[PDB]
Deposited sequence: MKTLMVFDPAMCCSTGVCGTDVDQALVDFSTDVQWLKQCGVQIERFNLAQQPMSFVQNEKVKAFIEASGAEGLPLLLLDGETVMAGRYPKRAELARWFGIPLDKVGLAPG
């Protein structure tokens, strides 16, 4: 199944919401993994796309989201519907109308 890796800034309603949205999504059975520059710094050096994004965009460009290794978003977090669409999960399964 698809995996989303989220490379977060070191660490607002946006983040509050995302954390909520990650809960609905995981519980529908999807695989989401988060990495933070503060607690998992090597994950950022060891991933080639992440390293190169940070060189290109700067760390202020984060978050970077990769779905099965591919960039799908950078510079903000997705809405719950955006998540659902990436994961092919029906709306009514992740608390949305």
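In this chain, the deposited residues that lack C-alpha positions fall in the ranges 12-22, 109-110.
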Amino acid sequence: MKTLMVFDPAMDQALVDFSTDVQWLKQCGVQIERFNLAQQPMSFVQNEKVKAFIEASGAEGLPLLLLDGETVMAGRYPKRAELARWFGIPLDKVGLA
From here on, numbers count along this sequence of modelled residues.
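Of the two stretches examined, 54-62 and 38-46, the record assigns the greater average C-alpha temperature factor to 38-46.
In this PDB entry, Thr20 carries a Cα temperature factor that places it within the lowest third of its chain's modelled residues. When the modelled residues of the chain are ordered by C-alpha B-factor, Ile89 sits in the middle third. Per the PDB record, residue ranking by Cα B-factor puts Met11 in the highest third of the chain.
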